[PDB]
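Protein chains in written order, with the working numbering: chain C, 71 to 170; chain S, 8 to 148; chain V, 157 to 313; chain Y, 1223 to 1365; chain D, 134 to 278; chain R, 58 to 124; chain L, 30 to 82; chain Z, 493 to 604; chain B, 49 to 148.
The C-beta atom is built at its ideal place from N, Cα and C for all residues, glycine as well.
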Amino acid sequence: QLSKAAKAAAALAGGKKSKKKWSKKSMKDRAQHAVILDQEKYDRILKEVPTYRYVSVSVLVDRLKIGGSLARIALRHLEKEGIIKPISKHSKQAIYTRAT
Amino acid sequence: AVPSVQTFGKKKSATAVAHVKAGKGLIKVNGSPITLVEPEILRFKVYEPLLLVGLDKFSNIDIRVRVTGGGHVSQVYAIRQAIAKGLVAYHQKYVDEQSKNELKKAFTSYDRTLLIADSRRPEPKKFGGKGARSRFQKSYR
Amino acid sequence: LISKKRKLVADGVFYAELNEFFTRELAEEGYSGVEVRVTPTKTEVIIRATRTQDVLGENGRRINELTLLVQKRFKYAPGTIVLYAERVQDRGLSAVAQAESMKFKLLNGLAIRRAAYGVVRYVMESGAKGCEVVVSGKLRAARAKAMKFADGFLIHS
Amino acid sequence: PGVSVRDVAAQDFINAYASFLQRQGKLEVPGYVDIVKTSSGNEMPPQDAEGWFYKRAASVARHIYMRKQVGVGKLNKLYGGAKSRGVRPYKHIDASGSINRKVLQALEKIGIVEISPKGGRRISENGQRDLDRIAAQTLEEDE
Amino acid sequence: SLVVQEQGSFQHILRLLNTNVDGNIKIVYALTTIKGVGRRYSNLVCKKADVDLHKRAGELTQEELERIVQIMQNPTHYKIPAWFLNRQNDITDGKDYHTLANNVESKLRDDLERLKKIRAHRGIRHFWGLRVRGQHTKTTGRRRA
Amino acid sequence: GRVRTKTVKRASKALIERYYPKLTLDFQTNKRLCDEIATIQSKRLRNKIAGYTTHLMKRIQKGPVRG
Amino acid sequence: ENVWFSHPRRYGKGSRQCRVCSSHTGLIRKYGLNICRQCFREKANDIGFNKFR
Amino acid sequence: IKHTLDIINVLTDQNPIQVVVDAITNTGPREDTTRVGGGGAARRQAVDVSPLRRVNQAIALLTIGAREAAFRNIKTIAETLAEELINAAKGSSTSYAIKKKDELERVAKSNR
Amino acid sequence: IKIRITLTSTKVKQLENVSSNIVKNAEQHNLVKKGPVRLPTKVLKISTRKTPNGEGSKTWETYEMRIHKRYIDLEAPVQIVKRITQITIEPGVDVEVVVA
RNA sequence: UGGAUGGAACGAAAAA
RNA sequence: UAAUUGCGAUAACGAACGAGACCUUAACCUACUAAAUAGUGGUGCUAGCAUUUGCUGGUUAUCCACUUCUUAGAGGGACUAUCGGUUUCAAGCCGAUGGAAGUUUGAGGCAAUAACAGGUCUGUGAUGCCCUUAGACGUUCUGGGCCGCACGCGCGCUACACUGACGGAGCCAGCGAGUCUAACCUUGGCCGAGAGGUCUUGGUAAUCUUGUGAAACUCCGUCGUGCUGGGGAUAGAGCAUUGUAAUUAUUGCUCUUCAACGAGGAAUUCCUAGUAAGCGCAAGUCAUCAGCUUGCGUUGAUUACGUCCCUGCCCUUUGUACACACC
Ligand SMILES: [Mg+2]
Ligand SMILES: [Mg+2]
Ligand SMILES: [Mg+2]
Ligand SMILES: [Mg+2]
Ligand SMILES: [Mg+2]
Ligand SMILES: [Mg+2]
Ligand SMILES: [Mg+2]
Ligand SMILES: [Mg+2]
Ligand SMILES: [Mg+2]
Ligand SMILES: [Mg+2]
Ligand SMILES: [Mg+2]
Ligand SMILES: [Mg+2]
Ligand SMILES: [Mg+2]
Ligand SMILES: [Mg+2]
Ligand SMILES: [Mg+2]
Ligand SMILES: [Mg+2]
Ligand SMILES: [Mg+2]
Ligand SMILES: [Mg+2]
Ligand SMILES: [Mg+2]
Ligand SMILES: [Zn+2]
C-alpha cells in the first residue's frame, strides 16, 4: 500500500504533460503547384506533350508545375483534337499514348 | 414437346438454375443477355465456358439462367458452373457422348470447378474470439 | 391462439412445474417420475410411485386433493384434468427413488457406509448392470470430503 | 429484332433517359431542391445540383419496370447507405422519404406509373412505350 | 475539354468579414474559412448567389462578392428555410440570427457568463474547466491543457 | 493417423477365424454381408471392419499370418 | 396507506423476476419463459432443452 | 494489375509478362543469413536460398517497393508498380528490390 | 371437405407414427389426399454462461429445442372427419384440425 | 571410415 | 499413431474407465415418398419491341404436368478404395489414379482417477454457526451514488488518406424474432429536408414483415499531397422520440465550432484455409440506449507443413539434505 504522499507526488510528476513524442517529424518541400493556367504554360504543354511515350494526370504534375485538375482538363482537351490516343479510360487512372 | 434439359450451379451460398433447350443461339441471365454480367472484370470469367469450346457449339441451342444468393464473385461462378453443367447434360441426353469426351476433358484440363462444386464451406464461429480460430486478447498483468 | 413456439415451451414449463411440485410432495411415497398426455377435452397425468395406495389415500382422498391443487393453481375447468397413480416397475432401477431412500435413511440416523452399501447392494440385486453412489460434505469431521461407493462398471462419455 | 430496357447497359440507359427528360423539362421540381441531402446518411448535397431529379426519376422508373410493385419503404431501403456515426462504427440508414415520394407523384402526373392494387406503383401502358423506345434509341446510338 | 487561357484580372488572397480567405481554391470551400460559415452554409449561399461553384476563389468577379456577403448577413430575407441558421430562438429578441466571424466567440463568451451569473450547473462546470455534456472523466481528457 | 482400434482388429480376427469359405477379396461384397452375418451398431464401424477384413485376406493371399 | 406500493412497476428490472428464485438479475425473457439463466440450466432437461453441438 | 500491364506496354514495348518474369528472376536473393549455432551463442551465418523462396521474396520486395513508393505520393499504385517492375527487369540500382537484394548478398558474403 | 391437419411435435419418431397412420387410414378409405408436406423444423437456442458467478474462463453453453411441423389436406365426408380427430392421439404430438 | 566445446541466471517473513 | 492407438516382446493371465467407439452439424444423390405456406414448364387472358415463327413481363381458383433447383423422412455413399514404392517385412508411411468428399473428410457435444483449502452464502423457500429483529441490518416511499477526477493499467471503437475522400448511379446474402386479455414485427397511402407524425393492412407465421433490395464492393464523375474536400474529439443553438419523471446533455435529426494524429520506444497478443484480415446482418440484455457478447453470412491474402532455441507438456533413466514438494 502506497503512502498518502507518494501517490500525490507521482500525480504531480505525471502532470508534466506536453506528451512524449518518440517521433522526428521532419519537414518537406511543400509544393505549390499552379492552379490556373496561362499562355507561357499553355504553349509549353502544346510543344512537349509529344515526345512522351506516356502521359497521365500524375505524369503531367510530377514533371510540369500544374495541378491534378489542370492535368485532367488538359488531357480531355488535347485528346479532343487528337494528339494522344486513348487505350484505357477507366476512372482514377487514365492511360494515353502519343500518336505516330 | 421440344428437347430441353435443366441443371444448376452452386458456390458458397449462391445457386443458379439453367434452362437449356433447342433454339437459335441466345444466352440469357435472368431476363438479359450474357453481355451484361455487371462485374466489369469477371466478364471473361463467365465467357470462359463459351470460349474454351468455341461459339459454334451454341448456334443451335438456347441457354437461360437464374442466379440467386451469395455475392457477386460467388454469383458469377454460379452462372458459369450452371452453363457448363447444362451444356454437358444436353450433350449427354440428346447428342452422342463422342463430343462429351473432348468437351469434358478440355473443361477439366482447364479448370476443375466448371463441373465439380467447390467443397470449401464456412466454419462456425466459436466463443472466446471474433472468428473460427482467432481469440480476443490475453493480458497477463 | 398462441404461436407454436411459445406453446411448446409452455408445455415444457408445464411438465417442469408438476415434476418439481411432485418431487416436493410425494417423497415418502416413492415418487419416480410423471408423464403428461394431452387429448381433446382432457389433459391427463400419470404418476410413477411405489407406495401407490398411500398416493391414492383412503377412498382416494389424497389423489383427489392433488387433482384439486393442480386444478385451482392451473386454471382448469372440472373434468379437463385427471391424475392416475401407477406402480413403477423395477423400483431398484430408479435413481430418483434411490436418492430419496438414501435421504430418508440418513434422516433416520443410519450410518453413511451402511446406508450406501445398502443401496448399491439393493440395486445390484435388482438386476442392474452398474451402479455408483457419491456422498459429499461433513462426515464425522470439520473438513469436508466425499466418498465413492461403486459396483459393476459404468460409462461417462 | 425487338429490344427492351434489359438489353442495354444500366449506366447508359439512365444517362440517356435523364438527358431525355432534360429538354422537355416538364417532369416536376419540388422547389426545395438543391437544399436537401437526399438522406440523413449522406454528408454533402449532390455535386451535380443541375438536376439529379431527372436521374432519380429515371432510376426509380426502370426499377419499377424491373419489379412488380414498389413503395417508398423499399425506395428508402434501396437508396440509403452506410452512415458514418462519427467515432462509433458505421451503420445502415435508409434514405429520405419526401424526395422519392415527390418523384413518384411526378411520374404519376406524367403518367409513367400509376397506383397498383395490393400496394405500390406499377409502370403504365404509355410509360413502357417511353422506356422501351428510349432503350431502342440508346442501343442504336452505337451506329 | 475546354481550356481558357486567362485574363489578368486574377487576384490572390483577399479579405472580407475580418477574415483572410485563401484564393486559388474552389469558392464553396474557400468560404469555409469564414468563421461560423461551414460547408452546407457556403454551398447554399453560393447557389442563392447564382454563382457556378467550379471557379477558383481568386478568379471571381468582385461585384458579386458583396452580393454574397449581403446574402449571408440576413439570409432569411432570401428564402433561406430558417433551419440552416446556427442560432435560433437565442435569448433576448426571440427572432432568428446567424452569427459570423467575429461574433461567434462573443456569443460564446456572453452565453458562458450568462450561465455563470445565473449559477447554473453548466456554467459552474465551464468555470471549473471540465466536461459539461455528461461524459466520464475517469480515464479520458487527461492532458486537456 | 489411420490406426484401427482393437474392437475392430479383434472383430475382424473373429470373422477371418470362422468365415473363410465365405466373403472374398471384394470390399463391396464383404460390406454387404458383414451386416448379414454380424450385428454392428453403426455403418461407419461396419465399413471399418469390412475394410480391415479385406486387408487381412490380402495378407492371407501371400503366405500365412501369425496368430 | 396508499403509498406503501405507490411507485409504478410497468417496466424495468423490478417489474419482473425469475419464476423460481424470484431474482431480478440475469433473466431469460426469450420466447417469453422468464427464468434466470442459472435456475434455467438446472431445469433445462426437464423443460426439454438439450445439448447437441 | 491490368493498369500496370498497360503501363509496362506503353513503356518498354516488349511483352510485359516477359518484363515481370525478368524482374522476378533478377530480384531473387540467392544467399541470405540466418541464426546458426549449438546453444547460448548462435550467430548470423550464411546460407543458400531455395528457388521457391527466391521467387516469393522477389514478389514481396517488388510489391512492398511499389506500395511504399506510391504511398503519400501523387503517383498511382498502378504506375508505381510498373516503374518498380521495369526498373528491376532491366537492372537499375534505383529500385527498392535491388537495394535489399544486394544488401543481403553483401551481408552474407561479408559474414560467410 | 378441404380440411387442414397440422402436426407440431417435438419428437420425430412419434411424429412420423402419427403422420404414417393418418395417411394409411386415408388410403385404406380411398380418399383423395395431398401428401404430407414436411415444413422445415425450427431450432430454439439459448446461450448462457456456464458459471453461476462471474469469475473463471469465459465459457459459453447453448441449448436447443427442435420443433418439427407437418401438414396435410383432406377432402373427406363428415362422418370420417370426426373420427380422425377422435383417434390417433398419443403424447408429445400436438395436432390442429381446421376448415378454411 | 566423421565432429565440437559454446555467455548471463540472486533471493522468497512466523504457525497449520 | 494425435492417443498404454497398435505390431509385437514378455512372471504374468484375465478385466474395467478414459481415448476410440458414439451423437449433432456442413458437404454428394437429375434414385425412393411427396409438396399453391417451395418452385418449374406448358396451356388460357393480357402489356411492350419486332414482326416470320420470337424476346421480356403481368395475371388465382385458367387448368394440366413434373420435382432439377427449396424443404424434410427413409436410405445409399468413403473403408484411406486401386496401383507403385518403403520397413522385423507387421503395425504403418509416401505418391499417383478414380472420386462430391482421401490432414481420424471439416467443426463441435459428451469426456477417466485424484486434486485446488481456485470462485459463489448477492441464484435458490439449500444451508450449519454468529449477529439483528419494531425509534430492526425486515419491507416500503422521496432525492442523490453506482458515471463522480491531479494520475497508472487491461479489452475495444475511430483514424493518420490517392490501394484514398465526397456525389450520383449499379445491385447481391445467411443465421433468426414477432400480439390475448395484448399491444409485437410492420407492408401500403398521406405530411414533413430529416428525426418523426398520421390513416389503413398481413401475420400466433416456409404464406406477413422480408427477395430483410445490408455493408464492404463495382461504373461514371469532383478533389488533389496542402493537418487538405483526411480525422471527427470539444462546444453552442433548435427540432422529435422513449419513459411518471432526462437537469451532471438517454438516444435521433439540422446548422455552426474543427483539437490530437504525419505509421508509433522498450515490450507484447492471435493465427495454417474459406482460415487470418476487411465488411455488415440477426439475437441477448431492452420502455428508450452498442463502441459489448453469442451466432450468421459477403470479399478474401501472405508464409510453414518444420524444430525443441525461448515458453511449456507426455514417457523412461539418474541425483536429491525437498514432502505446505525450487515460490
Ligand atoms: Mg472474420
Ligand atoms: Mg448507394
Ligand atoms: Mg473500417
Ligand atoms: Mg496513390
Ligand atoms: Mg536476502
Ligand atoms: Mg539473504
Ligand atoms: Mg402466362
Ligand atoms: Mg501396397
Ligand atoms: Mg473429431
Ligand atoms: Mg450457491
Ligand atoms: Mg461500476
Ligand atoms: Mg476478455
Ligand atoms: Mg433470401
Ligand atoms: Mg470528412
Ligand atoms: Mg439489441
Ligand atoms: Mg455486457
Ligand atoms: Mg550427485
Ligand atoms: Mg522433510
Ligand atoms: Mg531458489
Ligand atoms: Zn432463478
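Nearest-angstrom Cα separation, counted from residue j out to residue i
{"i": "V44 of chain S", "j": "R189 of chain D", "result": "41 Å"}
{"i": "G1342 of chain Y", "j": "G1293 of chain Y", "result": "5 Å"}
{"i": "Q1291 of chain Y", "j": "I1337 of chain Y", "result": "9 Å"}
{"i": "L58 of chain S", "j": "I120 of chain B", "result": "50 Å"}
{"i": "residue 446 of chain Z", "j": "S126 of chain C", "result": "Nothing about residue 446 of chain Z can be reported from this structure: the residues present for chain Z run from 493 to 604 only."}
{"i": "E1363 of chain Y", "j": "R1344 of chain Y", "result": "28 Å"}
{"i": "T194 of chain D", "j": "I167 of chain D", "result": "19 Å"}
{"i": "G274 of chain V", "j": "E185 of chain V", "result": "19 Å"}
{"i": "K111 of chain C", "j": "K155 of chain C", "result": "22 Å"}
{"i": "residue 437 of chain Z", "j": "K1248 of chain Y", "result": "Outside the shown range of chain Z, which is 493 to 604, sits residue 437 of chain Z, and nothing can be said about it."}
{"i": "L113 of chain R", "j": "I106 of chain R", "result": "10 Å"}
{"i": "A1357 of chain Y", "j": "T42 of chain S", "result": "16 Å"}
{"i": "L248 of chain D", "j": "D223 of chain D", "result": "14 Å"}
{"i": "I73 of chain R", "j": "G108 of chain R", "result": "12 Å"}
Best match in the options for proximity to residue i [C-alpha to C-alpha]
{"i": "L1329 of chain Y", "options": "Y:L1361, Y:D1364, Y:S1281, Y:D1229", "result": "Y:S1281"}
{"i": "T64 of chain R", "options": "R:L80, R:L102, R:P78", "result": "R:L102"}
{"i": "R86 of chain B", "options": "B:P139, B:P125, B:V60, B:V126", "result": "B:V60"}
{"i": "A233 of chain V", "options": "V:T197, V:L266, V:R180", "result": "V:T197"}
{"i": "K17 of chain S", "options": "S:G78, S:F114, S:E130, S:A113", "result": "S:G78"}
{"i": "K80 of chain L", "options": "B:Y111, B:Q76, B:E144", "result": "B:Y111"}
Partner residues on chain Y for residue i, Cβ-Cβ distance less than 9 Å
{"i": "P40 of chain S", "result": "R1228, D1229"}
{"i": "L177 of chain D", "result": "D1256, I1257, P1267"}
Where residue i sits in the DSSP three-state scheme
{"i": "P120 of chain C", "result": "coil"}
{"i": "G286 of chain V", "result": "strand"}
{"i": "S95 of chain B", "result": "strand"}
{"i": "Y232 of chain V", "result": "coil"}
{"i": "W108 of chain B", "result": "strand"}
{"i": "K17 of chain S", "result": "strand"}
{"i": "residue 171 of chain C", "result": "Since the first residue of chain C shown is 71 and the last is 170, residue 171 of chain C is not available in this structure."}
{"i": "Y211 of chain D", "result": "helix"}
{"i": "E109 of chain S", "result": "helix"}
{"i": "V66 of chain B", "result": "helix"}
{"i": "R296 of chain V", "result": "coil"}
Within chain B, partners of residue i - CB distance below 9 Å
{"i": "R193 of chain V", "result": "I137, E138, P139, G140"}
Within chain S, the residues that residue i reaches when beta carbons sit closer than 8 Å
{"i": "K106 of chain B", "result": "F134, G135"}
Amino acids of chain V, ordered along the chain, whose beta-carbon sits closer than 8 Å to that of residue i
{"i": "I115 of chain B", "result": "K160, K161, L164"}
{"i": "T58 of chain B", "result": "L164"}
Proximal chain L residues relative to residue i, where beta-carbon distance stays under 8 Å
{"i": "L92 of chain B", "result": "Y60, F78"}
Contact set between residue i and chain D, taken where Cβ atoms lie within less than 8 Å
{"i": "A1271 of chain Y", "result": "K180, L186"}
**Request:** For ligand 2, list every residue whose C-beta falls under 7 Å from any of its heavy atoms, going in chain order.
**Result:** Y:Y1301, Y:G1303
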